Structures are given as structure tokens and as C-alpha cells.
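S.K.:
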Amino acid sequence: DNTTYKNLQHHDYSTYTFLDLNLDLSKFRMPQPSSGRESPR
Amino acid sequence: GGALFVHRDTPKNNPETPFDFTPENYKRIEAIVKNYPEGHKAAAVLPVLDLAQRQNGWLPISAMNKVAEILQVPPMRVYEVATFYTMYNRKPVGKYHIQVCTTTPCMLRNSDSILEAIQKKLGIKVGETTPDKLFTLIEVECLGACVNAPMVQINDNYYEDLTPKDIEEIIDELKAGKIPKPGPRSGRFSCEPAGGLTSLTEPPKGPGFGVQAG
Amino acid sequence: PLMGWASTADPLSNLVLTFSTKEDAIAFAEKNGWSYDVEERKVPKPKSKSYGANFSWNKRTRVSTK
Amino acid sequence: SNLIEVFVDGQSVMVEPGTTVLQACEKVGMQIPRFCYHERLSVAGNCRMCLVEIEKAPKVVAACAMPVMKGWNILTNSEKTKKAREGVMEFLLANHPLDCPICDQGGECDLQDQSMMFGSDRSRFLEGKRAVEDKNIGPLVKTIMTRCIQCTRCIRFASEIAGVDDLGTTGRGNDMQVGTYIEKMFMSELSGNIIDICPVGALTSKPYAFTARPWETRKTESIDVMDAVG
Amino acid sequence: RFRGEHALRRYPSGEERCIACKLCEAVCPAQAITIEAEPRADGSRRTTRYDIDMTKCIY
Amino acid sequence: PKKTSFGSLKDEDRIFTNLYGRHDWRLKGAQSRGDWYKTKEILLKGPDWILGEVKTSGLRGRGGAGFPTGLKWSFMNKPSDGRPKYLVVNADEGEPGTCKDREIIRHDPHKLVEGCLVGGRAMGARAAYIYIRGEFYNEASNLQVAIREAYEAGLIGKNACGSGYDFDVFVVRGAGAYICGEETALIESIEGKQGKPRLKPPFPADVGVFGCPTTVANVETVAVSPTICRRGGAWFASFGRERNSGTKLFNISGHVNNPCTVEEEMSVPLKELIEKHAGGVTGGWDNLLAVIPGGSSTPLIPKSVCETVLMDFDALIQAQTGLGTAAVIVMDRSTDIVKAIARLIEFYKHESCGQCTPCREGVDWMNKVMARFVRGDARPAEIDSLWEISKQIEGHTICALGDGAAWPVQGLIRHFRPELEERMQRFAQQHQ
Ligand SMILES: Cc1cc2nc3c(=O)[nH]c(=O)nc-3n(C[C@H](O)[C@H](O)[C@H](O)COP(=O)(O)O)c2cc1C
Ligand code: SF4
Ligand code: SF4
Ligand code: SF4
Ligand code: SF4
Ligand code: FES
Ligand code: FES
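Chains as they are written, first to last, in the deposited numbering: chain a, 34 to 74; chain 2, 3 to 216; chain c, 68 to 133; chain 3, 6 to 235; chain 9, 60 to 118; chain 1, 7 to 438.
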């Protein structure tokens with residue numbers, strides 16, 4: 034029950050890492066549907 | 003309207019002004035677009051244009067047209083999205099974009115003193131980019147971090163429970179270039195009661211109690 | 068030549084006569100003695116507008132900007 | 006068989022399952038005052054003048070996009086409705102210029118018609134009256150955007166029918182400008198027709214300009230040339 | 060409040076105060092008025108021919 | 007059962023551990039703290055048991071909506087169609103004095119994600135978006151890290167928790183607008199078009215994100231829901247009056263020593279909420295002027311009322327002010343409340359969209375009128391004009407924001423009217 038704030042690691046984010054983690058989340062996920070068309074136009 | 007900070011138009015000066023994404027950044031955009039069902043692909047306009055403002059501190063109209071090209075959507079939707087939302091700045095700002103909540107219990111918390119102190123310590127009026135560069139001052143409405151005493155924002159950071167002296171401290175730390183610890187200060191580390199650390203003081207229960215009889 | 072207001076000998080130019088039904092138009096024309104020509108009445112064609120069809124999944128109809 | 010009984014002022018009428026409220030009132034002769042709705046254009050909730058009360062229902066529903074279940078009784082003249090119309094008309098007339106002398110549609114514009122035949126007789130709200138930068142578009146369309154009520158018609162038309170997709174809205178709250186953001190010329194076939202759709206004097210005919218005035222002119226049936234469509 | 064003859068007025072630094080808006084012609088119970096308005100060089104609108112028949116005019 | 011006594015809290019029976027940023031933030035920390043335990047058995051146990059579990063709990067929605075969750079999530083049980091289903095979790099927190107979603111999503115991500123999975127399998131959704139206020143970059147990045155932990159562990163994704171069902175999750179940052187947090191316009195902000203709310207007759211349930219059936223739910227609802235399934239139904243229903251049962255966060259702001267965040271029983275005396283959790287009202291209990299319950303959209307509560315009024319949806323409706331997001335703010339007597347609420351109206355004027363003329367005009371009015379009251383240069387008869395403005399706005403517009411902008415002024419008018427005309431009059435004197 035030591036009391037210390039342990040999310041201090043979040044101070045380490047430059048402004049990329051969100052999207053870069055999105056890149057690191059590539060695959061891992063089901064292919065999403067194609068609807069009927071390529072674009073609604 | 004009659005009362006506005008800046009109007010919204012492109013009068014001049016950036017018809018062709020060069021803007022290009024970085025190849026790794028094309029990889030990133032591809033990764034983003036993979037997160038939406040096909041047949042739409044227009045949902046990515048907002049995140050991709052976010053990204054544009056991310057690698058380039060402010061987006062010229064060539065960035066809007068460029069995103070419209072990448073996603074093959076009519077550009078007027080791109081301009082529309084660019085104007086309707088607060089994040090996107092269509093005019094260049096400095097390296098550091100200062101944002102203060104002037105509305106409500108931040109306002110009730112003396113934050114006006116914070117604003118005035120900033121204007122004096124930097125030496126300029128509101129809404130004007132400082133001489134030289136890298137400091138801009140605009141007040142924004144509620145940012146959501148509230149119980150923590152009046153908050154100021156720099157780029158992707160939250161400085162909470164801020165007194166004027168510490169405001170000066172942060173600002174000068176940015177003059178040197180050393181970015182202070184993001185988290186709130188003067189106690190209250192990560193959104194707590196200052197006095198008691200009350201409510202739950204106990205060791206959290208393990209993966210028990212879930213009997214459910216099933 | 069003095070002013071240029073429009074002028075005519077067309078005493079009947081400015082008349083208009085409101086009728087409830089076409090049968091009354093042909094009736095008053097026949098009775099009153101001068102030849103006539105009828106145009107058929109037209110109406111808006113009944114339509115189906117479903118607001119939801121703006122947002123539909125695969126259908127080509129989708130409202131940009133709304 | 007795929008028909009529905011729905012009362013209007015206690016007068017039943019049989020309508021199709023999914024025709025709108027405004028149509029259902031059209032059938033018996035009620036024309037509910039409106040702006041953004043148009044026969045050729047997809048529905049939107051912008052004008053808010055279409056509000057009408059349905060009894061037993063606490064809130065007022067917008068007659069443009071509301072589908073009609075069975076057994077709705079649509080009270081058009083119920084007090085709550087008339088108060089709603091007076092309200093909406095008031096908020097519209099809040100920020101509007103006084104152009105009726107100079108404005109081209111003075112003999113026509115539906116703000117005057119519906120203003121008299123529905124809305125309240127006296128305005129309020131002294132300090133106010135926002136203004137908008139006007140934007141030149143084509144040689145055909147003279148444009149004063151201060152008179153714009155921001156009713157989205159021109160947008161929906163340009164998008165769906167004209168197909169150009171170059172018109173939109175940019176802003177929030179009081180300040181929303183309707184038109185090209187980049188100050189591009191907008192010209193196309195069928196483009197001129199937009200000056201008929203703008204319900205107020207915001208858009209008008211540049212060459213027709215100031216010459217005439219609606220009540221003074223004598224309308225005459227005719228046909229067209231220059232196109233084989235007759 | 061006496062009613063004499065029909066003088067047009069203009070602003071200080073005379074603008075031809077008439078806007079051309081056609082009202083005075085529209086309410087004329089003798090119909091005697093004429094207004095034809097072509098937008099002039101400045102883009103503001105004035106009247107080309109604004110006429111009265113004092114004969115027809117009932118004052 | 008639980009009699010009129012409420013506001014006495016029992017630790018270790020709470021919901022959110024770590025809410026103050028303690029202990030271990032990981033799948034391992036949250037793992038040992040009870041998150042993601044037996045959860046496979048929930049998902050394989052079937053949707054109907056989950057739905058009936060939530061309805062048995064009888065819990066109520068969040069964000070001030072107050073609607074029962076079991077129904078909203080029960081709509082999606084329709085026989086499946088050739089179009090996919092989604093679960094849209096609303097991470098936006100708008101309105102001042104709140105902090106509601108921020109602290110949760112920072113310090114306990116895996117509980118939110120696990121809620122997303124349980125709800126998705128419950129209603130049959132394919133994937134779960136989470137739309138977060140774009141201000142939260144660091145925060146939502148932490149969320150990214152935790153989700154990545156879930157995929158690497160094989161905890162979600164294909165055959166989540168090794169079960170016979172696959173549920174992906176996506177996360178989208180916000181573009182920084184208040185109305186993006188609204189149930190409907192959220193859908194189209196996801197769609198990439200500028201966020202403006204849809205008319206209600208099409209429901210989000212019937213036609214949702216990308217035109218496919220989906221629901222919208224707040225971080226509190228979704229995040230607490232799986233543990234709601236693991237607490238046994240009526241257990242959660244033990245707390246609070248049977249109308250509105252369970253626990254909810256209360257984020258105390260305004261003027262009190264130690265403004266902070268706690269989780270309490272649904273029903274609590276507001277006085278106790280101030281005394282025994284966050285500090286005390288600065289200057290004593292008698293120094294308070296008025297208290298704004300829940301979100302900023304809610305009308306004022308005067309002293310003699312808030313003293314006796316507890317915290318409940320229905321009970322606050324008896325107080326005439328519906329409950330907001332439950333994050334309450336208090337006001338010193340010394341402050342000028344007219345300036346405070348006026349500034350709040352300025353917040354509403356700056357955040358709104360231009361579809362409905364009634365807000366984009368009326369809210370302009372109430373801005374300028376309230377500013378005039380701040381300077382007090384109006385005339386006494388005009389306050390009732392401001393009233394009828396608020397009424398004619400309310401109920402006539404698409405989203406609740408328009409309605410949400412009508413209530414505060416009305417509140418200020420009801421209780422504090424006699425406070426105005428002395429400022430009116432002293433402007434008459436001082437100015438003339
Ligand atoms: C004006 C307005 C503001 C809203 N602000 C928020 C907000 O800050 N956070 C949020 O999660 N939802 C917000 N919402 C949407 C509500 O969460 C939604 O109506 C409902 O509560 C979602 O269902 P739930 O109660 O099951 O979560 C807002 C809605 C409106 C109309
Ligand atoms: S738009 Fe209509 S109400 Fe406005 S000035 Fe023109 S005629 Fe008058
Ligand atoms: S320009 Fe005319 S048609 Fe377009 S939104 Fe404005 S009032 Fe409506
Ligand atoms: S047209 Fe007639 S009413 Fe209008 S400004 Fe000229 S004189 Fe006056
Ligand atoms: S009330 Fe205003 S903010 Fe809400 S949907 Fe209508 S136009 Fe938009
Ligand atoms: S027609 Fe219903 S909103 Fe305009
Ligand atoms: S009130 Fe200033 S951040 Fe919410």
C-alpha cells in the first residue's frame with residue numbers, strides 16, 4: 034500500500050505517440066466490411 | 003458576427019504554399035484509414051487533418067486541399083471541418099500555444115489573476131502572438147479538468163492547481179526550453195483531496211467477491 | 068412620345084375572372100360568346116421523403132455537409 | 006392495406022405508411038409554414054418554422070422530417086403551436102438587416118409573407134444585429150449574405166442536384182457564413198436556378214438587378230427555345 | 060402638415076434620398092407615378108424615370 | 007433495506023479503485039485488482055443474461071440523460087441484418103466543473119475496455135469506438151497503451167478472452183468541440199462531417215454510425231457495467247432509492263477547501279457530500295450562496311433548499327433542477343452570481359451549431375442581455391422578457407444544448423430575482 038503516483042510515465046509522450054501506437058495496432062483486428070461501394074460520391 | 007476573434011476566409015497569400023506529408027507519415031495515415039469500414043473513407047478527414055496540423059504547426063489551405071486529395075473527397079467538406087472545430091488553427095501560431103479556462107469554477111477560482119499575470123510576465127495583450135515567436139495567448143472554454151485549481155494548457159499538456167508565481171516559473175522554464183513536469187502541483191498530485199486523501203484508503207480487493215453463484 | 072407609358076386600345080387587356088371549376092370557365096365562355104382555349108391543371112406529384120435516407124449505408128444517397 | 010388513418014383537427018385522412026407530417030397536412034389543405042423544406046430537396050431540421058403540436062404529446066415535433074405513425078392527431082392551430090411559430094419567427098427576425106426597400110425580393114420574400122400571416126407583430130431585443138461580409142460569386146448571382154437566414158437550401162441543392170458540391174457552411178453560433186470558403190467563382194449549368202431557391206433576398210439575379218418589382222409585373226405563360234427539352 | 064407639390068428630398072451631401080423601392084408608386088390611389096430603376100455607376104440604386112401626373116394626383 | 011439514511015459510504019465495496027492514481031496501472035495491476043476476472047464466462051453466458059442483469063440492477067444512464075440502460079441496450083437485440091453493429095462509448099466530457107471521464111480513463115483503462123467488450127457481446131456489436139475530447143491527447147494515448155496491452159495479451163480482438171466471439175475496438179480523438187459530446191452529432195463527427203445533431207425520428211439505435219445500428223453510452227455506464235454483471239444485480243441496486251439505485255461519481259468544485267473527486271451512494275445529502283468528503287465550504291456552511299447540482303446545464307439551488315435536498319435524479323427534480331453529470335459546484339456569497347451564470351451563457355453561445363435558429367439566435371440574446379445585467383444598464387421589466395426568451399427557446403430545438411442553455415437563466419430568475427433589481431436600481435442611481 035505504498036502511496037506514489039505511478040502514471041508518471043505518461044509525462045514521456047511527445048506529440049506523435051498516439052498515432053504511432055495506432056500504427057503499432059496494425060493488424061490484430063478483423064477486416065471491416067466493404068459496404069456495397071467504394072465511395073458514396 | 004459582430005464579436006469575433008478572427009473571421010474565417012482565405013483572402014490571399016497561400017494558394018500554392020507548399021505542404022507535403024512525410025513518407026513515414028503516409029504509413030501513419032494508411033494505418034488510420036484502415037480503422038474505418040470501406041465505402042466511406044471520408045471519416046478519416048478529421049484525424050488526417052489533425053495529423054496535418056500535428057507535423058506542421060498550422061495548416062495552410064494547401065494542406066486542406068491536399069488532405070481532400072489524399073482522401074478524394076470534395077474539398078469544401080475539408081474547409082468546413084477545418085472551420086467548425088476549435089483545435090484546428092488556420093493561422094500560424096508560435097511553438098507554444100497557451101490556453102486558459104476563463105469560464106466557470108476556474109473563473110470562480112481566481113483564474114483571471116492567472117491571465118493578467120501571464121499578460122504582464124510575457125508583456126503582451128490577449129490573442130496576439132508575442133514578438134519574436136513561440137508564445138501565443140488565447141483563452142478557451144472548459145477543458146474538463148476542474149476540481150484541480152485553475153488550469154492552463156500548453157501543447158498536449160495539463161498544468162493544474164496553478165498560482166501566479168508558479169505561472170511565472172513555468173513560463174520562464176519554457177524560455178529556457180526545459181518543459182516542466184506536466185502534472186498538477188502544490189500537492190494534489192493526480193486529482194486528490196489535498197487534506198485527507200479520503201474515501202478509499204484501503205488496499206484494493208483482489209480478483210475476488212465475484213462469486214455470483216455462477 | 069410625350070412620356071412613354073405603355074398605351075393601347077385593348078379595353079379587355081386587364082380583366083381577370085376567377086372561377087371555381089373548369090366547367091364554369093367553358094360555361095361562361097360559351098354563354099358569353101367569344102372563343103376560348105383551355106389549359107389543363109397540374110399538381111405536385113406525390114413524393115416520399117424519408118429523412119433517414121440521408122444517412123443510409125450502401126445507398127448512393129448521402130448528404131454531404133447535411 | 007398499406008394505408009393509415011390519421012386525424013387532422015379531428016378530420017380523418019388516409020395516407021401512406023411513411024409520408025411525412027407536412028405532406029399529411031398538405032392532403033387536406035393545411036400548408037404548414039416552412040423554410041428549409043423544399044419539394045425537390047432532402048429534408049433538414051434547420052428552419053424550425055414547421056413546428057406543429059400533436060395532442061397528448063408534451064413536446065412540439067417538427068413536421069418536416071417526422072414520420073406519421075397510426076393515430077396521430079395533428080392540431081395545427083392549437084395555442085402551443087402558434088406560440089412556437091411566433092417564437093421561431095421572432096428569433097429569425099432577431100438578426101436581419103432592414104433591406105426591404107433596397108432588397109430585390111420585397112414583393113415576394115417569404116419572411117414578409119409568413120411574417121405577417123404567422124409571426125408576432127412587434128419585435129424586441131435592441132442591442133444586437135450581427136452583420137456578415139458579403140461574397141461575390143458569379144456574374145449571374147448578386148450576393149448579399151447579411152440577409153441570409155442560413156436555411157441550408159442552397160447547399161442541399163448545389164450538392165444533390167447541381168452536383169458541384171462547392172457550397173457549405175463555416176462557423177458556429179451567430180457566425181456561420183454560407184458560401185465558398187476560398188472565394189472561388191461558382192458557375193455551372195442550372196446554377197442560376199439557385200436564385201429562385203433562396204427564400205430571402207440573400208441571393209438574387211445580378212442582370213435583372215433592381216429594374217423591376219413583383220407586384221408590378223404581369224406574368225405570362227410561355228415555352229422555351231435554345232434547348233430541345235421544350 | 061399642409062400638402063403642396065411633391066418635392067423630392069436628398070440627404071445632407073445629397074444622395075438622391077429616393078431608394079427606388081417603388082412604394083410611393085405602389086400605394087398611389089390614382090396610380091399616377093412611374094418608377095424605372097437601373098443600378099447606376101456606383102452600384103447603388105436610384106430611379107431612371109420618376110414621374111407624376113399632377114392632373115391625376117389627388118394629393 | 008436501505009432506509010432514509012444515505013450518504014454513509016463503505017469502502018472496499020466501491021467500484022473504481024485507483025481513481026486517485028495509486029497502485030499499478032497495467033493489465034497486470036488492474037488484473038490483480040479484479041479487472042478481467044472470469045469475464046469469459048460472462049460473454050459465453052449469453053447476451054440475454056447480461057441484459058437482464060443490467061435491468062435487474064435497474065441502473066440509470068449518465069450524462070444527465072437519466073434514461074434506463076436496460077432498455078437502450080435492449081433495442082439492439084433485433085434480429086441481425088446485413089449491416090454491422092457498433093458500440094459507441096462517449097469519452098467526451100463537456101460542461102464546466104466536471105472531470106468525470108478524464109480521471110476514470112486515465113487511471114483505470116482496462117475497466118472501460120472490458121465494459122466495451124461486455125456491452126458489445128451483449129447487444130451484438132462488432133466493434134467499439136471511443137470518441138474522446140481531443141484535448142486529452144496524453145490521456146487517450148494512455149488508453150492506446152492499455153488497448154495495445156489487451157491485443158498483445160489476446161484479451162480482445164479475435165476470440166476475445168479465448169472465447170467464441172471476436173470484438174475489435176477503435177479509438178478516435180476529438181476535434182475539440184462541446185457538442186461533439188452530444189449523443190447524436192457524435193455519430194457524424196465520427197463520420198468526418200462537421201458535427202451537427204440529427205433529427206430524432208431516426209434513432210441512433212435504428213440508424214447509427216455510418217448508417218448502421220449502434221448505441222451511444224457514457225464512460226461511466228460502459229465502464230461500470232461489467233462489474234455490474236459481476237456484483238450480482240440487486241447488490242448494486244442495494245444503494246440508493248429504488249427509483250435511482252447504485253453509486254456514481256461526484257466531483258466537487260467551486261469554493262470549498264480541497265475541491266476533489268469521490269465516489270458515493272446515489273442518494274446523499276448535499277450537505278454531507280460537502281462536509282465528510284471534500285473539505286468544507288470556504289467561510290463556513292452559512293457562507294454559501296447557491297449550489298449548482300451536477301452539470302453546469304442545471305439550474306441553481308438556493309441555500310434553504312440545498313440544505314435539505316439529497317442527491318437523486320427524482321429528488322432533484324422535486325428540487326426543480328434535474329441532476330447533471332453529478333459533478334457539483336458551490337458558490338461563495340461574496341461572488342456575483344449574475345456574472346458567473348452570464349459567463350456560463352457565454353460558454354453556451356461559443357459552443358453550439360447553427361442548425362436550429364432558436365439557439366443560434368436566442369442564445370445570442372441571452373448572451374447580450376445577461377451581459378447588460380452584468381453592467382445592469384437594462385430596465386426592470388426586461389427580466390421577464392429574458393424569461394419568455396428562455397421558454398420559447400426550450401423544447402423547440404434539436405439537441406438538449408438549446409434546452410440546456412435555457413435552464414440556468416430560468417434558475418437565476420426564479421430564486422435570485424430580488425437580487426437583480428438592487429443592481430438595476432444602483433445602476434439607475436450611480437449612472438443618473
Ligand atoms: C448538450 C449535451 C452534452 C453532452 N455532454 C456529454 C459529455 O460531456 N459526456 C458524455 O459522455 N456524453 C455527453 N452527452 C451525451 C449523453 O452522454 C447521452 O445523452 C447519454 O447520456 C448516453 O447514454 P448513457 O447515459 O447510457 O451513457 C451530451 C449530450 C448533450 C445533448
Ligand atoms: S430578405 Fe426578405 S425580410 Fe429581408 S430585406 Fe429582403 S424582403 Fe425584407
Ligand atoms: S443563402 Fe439563402 S438559400 Fe442559402 S442558407 Fe442562406 S437564406 Fe438559405
Ligand atoms: S421609391 Fe418612392 S417610397 Fe421608395 S425611396 Fe423612392 S420616393 Fe421613397
Ligand atoms: S439547438 Fe443549436 S447546437 Fe443544438 S442541434 Fe440545434 S442548432 Fe445545433
Ligand atoms: S421543414 Fe422541418 S425544419 Fe425546416
Ligand atoms: S471549468 Fe475550467 S476546466 Fe472545466
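Each residue gets a CB set at the ideal place from its N, CA and C atoms; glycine is no exception.
List the residues of chain a whose Cβ lies closer than 7 Å to the Cβ of residue 191 (chain 2), in chain order.
M.R.: Against the second sequence, residue 191 (chain 2) aligns to sequence position 189. Near residue 191 (chain 2) (Cβ distances below 7 Å), the residues of chain a are 38.
S.K.: Along the region 107-132 of chain 3, where does the CB come closer than 8 Å to a CB of chain 1? Name the residues.
M.R.: Correct list: 129, 130, 132.
S.K.: Within 8 Å of any Cβ in chain 1, is that where the Cβ of residue 53 (chain 3) sits?
M.R.: Against the fourth sequence, residue 53 (chain 3) aligns to sequence position 48. Judged by the 8 Å Cβ criterion, residue 53 (chain 3) is in contact with chain 1.
S.K.: Quick one: grab the DSSP three-state call for residue 2 (chain 1).
M.R.: It is not possible to answer for residue 2 (chain 1), since the shown part of chain 1 is limited to 7 through 438.
S.K.: Check this for me: beta carbons of residue 399 (chain 1) and residue 203 (chain 1), under 8 Å apart or not?
M.R.: Walking along the sixth sequence from the start, residue 399 (chain 1) turns up at place 393. Walking along the sixth sequence from the start, residue 203 (chain 1) turns up at place 197. For residue 399 (chain 1) and residue 203 (chain 1), no; Cβs fall outside 8 Å.
S.K.: Quick one, which residues of the region 212-237 of chain 1 are near chain c if we go by CB-CB under 7 Å, in chain order?
M.R.: Per Cβ criterion, the list reads 213, 216, 217, 218.
S.K.: Buried or exposed: where does residue 127 (chain 2) fall if 16 or more other Cβ atoms within 10 Å of its Cβ makes it buried?
M.R.: Translated into positions along the second sequence, residue 127 (chain 2) becomes position 125. By the neighbour-count rule (16 or more Cβ atoms within 10 Å), residue 127 (chain 2) is not buried but exposed.
S.K.: Can residue 102 (chain 1) be considered in contact with ligand 7, in the sense that its beta carbon sits closer than 7 Å to one or more heavy atoms?
M.R.: In the sixth sequence, the residue the question calls residue 102 (chain 1) occupies position 96. Yes, ligand 7 has a heavy atom inside 7 Å of this Cβ.
S.K.: Indicate the three-state DSSP secondary structure (helix, strand or coil) for residue 233 (chain 1) in the structure shown.
M.R.: As a first step, residue 233 (chain 1) must be located in the sixth sequence, where it is residue number 227. The answer is helix: DSSP assigns residue 233 (chain 1) an H, G or I state.
S.K.: In angstroms with no decimal places, state the Cα-to-Cα distance between residue 36 (chain 3) and residue 55 (chain 3).
M.R.: On the fourth sequence, position 31 is the one that residue 36 (chain 3) refers to. On the fourth sequence, position 50 is the one that residue 55 (chain 3) refers to. About 10 Å.
S.K.: Look up residue 206 (chain 2) in the DSSP assignment and say whether it is helix, strand or coil.
M.R.: By 1-based counting over the second sequence, the position of residue 206 (chain 2) is 204. It is coil, neither helix nor strand.
S.K.: Which value, in whole angstroms, describes the spacing of the CA atoms of residue 120 (chain 3) and residue 95 (chain 3)?
M.R.: Against the fourth sequence, residue 120 (chain 3) aligns to sequence position 115. Against the fourth sequence, residue 95 (chain 3) aligns to sequence position 90. Going by the C-alpha atoms only, they are around 9 Å apart.
S.K.: With 8 Å set as the bound, which would you pick, yes or no: does the beta-carbon of residue 129 (chain 2) sit closer than that to a beta-carbon of chain 3?
M.R.: For this step, residue 129 (chain 2) is matched to residue 127 along the second sequence. Not one chain 3 Cβ lies under 8 Å of residue 129 (chain 2).
S.K.: What residues come near ligand 2, if near means a beta carbon less than 5 Å from any of its heavy atoms?
M.R.: That gives 104 (chain 3), 105 (chain 3), 108 (chain 3), 110 (chain 3), 111 (chain 3), 114 (chain 3), 116 (chain 3), 152 (chain 3), 205 (chain 3), 206 (chain 3).
S.K.: So which of 165 (chain 1), 341 (chain 1), 56 (chain 1), 35 (chain 1) has the shortest CA-CA distance to residue 289 (chain 1)?
M.R.: Translated into the one-based positions of the sixth sequence, residue 289 (chain 1) becomes position 283. The shortest Cα separation from residue 289 (chain 1) among 165 (chain 1), 341 (chain 1), 56 (chain 1), 35 (chain 1) belongs to 341 (chain 1).
S.K.: Classify residue 53 (chain a) as helix, strand or coil using the three-state DSSP reduction.
M.R.: Position 20 of the first sequence, counted from the start, is the residue given in the question as residue 53 (chain a). It is helical.
S.K.: Going by DSSP, name the residue or residues bridged to residue 93 (chain 9).
M.R.: Against the fifth sequence, residue 93 (chain 9) aligns to sequence position 34. Its beta-bridge partners are 110 (chain 9).
S.K.: Classify residue 336 (chain 1) as buried or exposed, calling it buried when 16 or more other Cβ atoms lie within 10 Å of its own Cβ.
M.R.: Here residue 336 (chain 1) is taken as the residue at index 330 of the sixth sequence, counted from 1. That one is buried.
S.K.: Going by beta-carbon coordinates alone, are residue 93 (chain 2) and residue 8 (chain 2) separated by less than 8 Å?
M.R.: Locating residue 93 (chain 2) in the second sequence gives position 91, counting from the first residue. Locating residue 8 (chain 2) in the second sequence gives position 6, counting from the first residue. Yes, the pair counts as a contact, with Cβ atoms nearer than the cut-off.
S.K.: What do you reckon, is the C-beta of residue 337 (chain 1) under 7 Å from a heavy atom of ligand 7?
M.R.: By one-based count along the sixth sequence, residue 337 (chain 1) stands at place 331. No, since every heavy atom of ligand 7 falls outside the 7 Å radius drawn around the Cβ of residue 337 (chain 1).
S.K.: Just how far apart, CA to CA, sit residue 61 (chain a) and residue 130 (chain 1)?
M.R.: The count along the first sequence starts at 1 and reaches residue 61 (chain a) at position 28. The count along the sixth sequence starts at 1 and reaches residue 130 (chain 1) at position 124. Answer to the nearest angstrom: the Cα atoms are 20 Å apart.
S.K.: What is the rounded straight-line gap between the Cα of residue 22 (chain 3) and the Cα of residue 113 (chain c)?
M.R.: Here residue 22 (chain 3) is taken as the residue at index 17 of the fourth sequence, counted from 1. Here residue 113 (chain c) is taken as the residue at index 46 of the third sequence, counted from 1. C-alpha separation (whole angstroms): 13 Å.
S.K.: Relative to chain a, which residues along the region 101-126 of chain 1 have a C-beta separation below 9 Å, given in chain order?
M.R.: Listed in sequence order: 112, 113.
S.K.: Leaving out five residues before and five after residue 113 (chain 3) in sequence, what residues of the same chain have Cβ atoms less than 6 Å from its Cβ?
M.R.: Mapped onto the fourth sequence, residue 113 (chain 3) falls at position 108. For residue 113 (chain 3), where only same-chain residues beyond five positions count, the Cβ hits under 6 Å are 219.
S.K.: Am I right that residue 301 (chain 1) and residue 260 (chain 1) are in contact with their C-beta atoms under 8 Å? What's the rounded C-beta distance?
M.R.: By 1-based counting over the sixth sequence, the position of residue 301 (chain 1) is 295. By 1-based counting over the sixth sequence, the position of residue 260 (chain 1) is 254. Contact doesn't hold; Cβ gap of about 13 Å is too wide.
S.K.: Please determine whether the Cβ atom of residue 406 (chain 1) lies at a distance below 7 Å from any heavy atom of ligand 1.
M.R.: Position 400 of the sixth sequence, counted from the start, is the residue given in the question as residue 406 (chain 1). True, at least one ligand heavy atom lies under 7 Å from that Cβ.
S.K.: Taking the continuous alpha helix (DSSP H) assigned at residue 109 (chain 2), which residues delimit it?
M.R.: Locating residue 109 (chain 2) in the second sequence gives position 107, counting from the first residue. Note, residue 109 (chain 2): alpha helix (DSSP H), 107-110.
S.K.: Contact between the region 23-43 of chain 2 and the region 81-101 of chain 2 is defined here as three or more beta-carbon pairs at a separation below 8 Å; is this criterion met?
M.R.: Taking 8 Å as the limit for Cβ pairs, the verdict is that the region 81-101 of chain 2 does not touch the region 23-43 of chain 2.
S.K.: Output needed in chain order: residues of the region 344-374 of chain 1 with a Cβ under 7 Å from some Cβ in chain 2.
M.R.: Residues passing the 7 Å Cβ filter: 346, 349, 350, 353, 356, 357.
S.K.: CB-CB under 7 Å to residue 112 (chain 9), same chain, minus the five flanking residues each way: which ones, in chain order?
M.R.: As a first step, residue 112 (chain 9) is located in the fifth sequence; it is residue number 53 there, counting from the start. These residues qualify, in order along the chain: 91.
S.K.: Would you call the region 71-80 of chain 1 in contact with the region 99-115 of chain 1, where contact means no fewer than 3 C-beta pairs closer than 8 Å?
M.R.: Segments in contact, no.
S.K.: For ligand 4, any of its heavy atoms closer than 7 Å to the Cβ of residue 81 (chain 9)?
M.R.: As a working note, residue 81 (chain 9) is residue 22 in the fifth sequence. Residue 81 (chain 9) Cβ: within cutoff of ligand 4.
S.K.: Would you tell me roughly how many angstroms separate the C-alpha atoms of residue 2 (chain 2) and residue 247 (chain 1), rounded to the nearest one?
M.R.: What is shown of chain 2 runs 3 to 216, which leaves residue 2 (chain 2) out entirely.
S.K.: For the region 189-197 of chain 2 and the region 255-274 of chain 1, state whether three or more C-beta atom pairs, one from each stretch, are separated by less than 8 Å.
M.R.: Contact holds: three or more Cβ-Cβ distances are below 8 Å.
S.K.: Can you tell me which residues fall inside 5 Å of ligand 6, judged by beta-carbon distance to its nearest heavy atom, and keep chain order?
M.R.: After applying the 5 Å Cβ criterion, the set is 39 (chain 3), 41 (chain 3), 42 (chain 3), 50 (chain 3), 52 (chain 3), 55 (chain 3), 67 (chain 3), 69 (chain 3).
S.K.: With 8 Å as the limit, tell me which residues of the region 81-108 of chain 9 have their beta carbon closer than that to any beta carbon of chain c; keep them in chain order.
M.R.: Answer in chain order: 93, 108.
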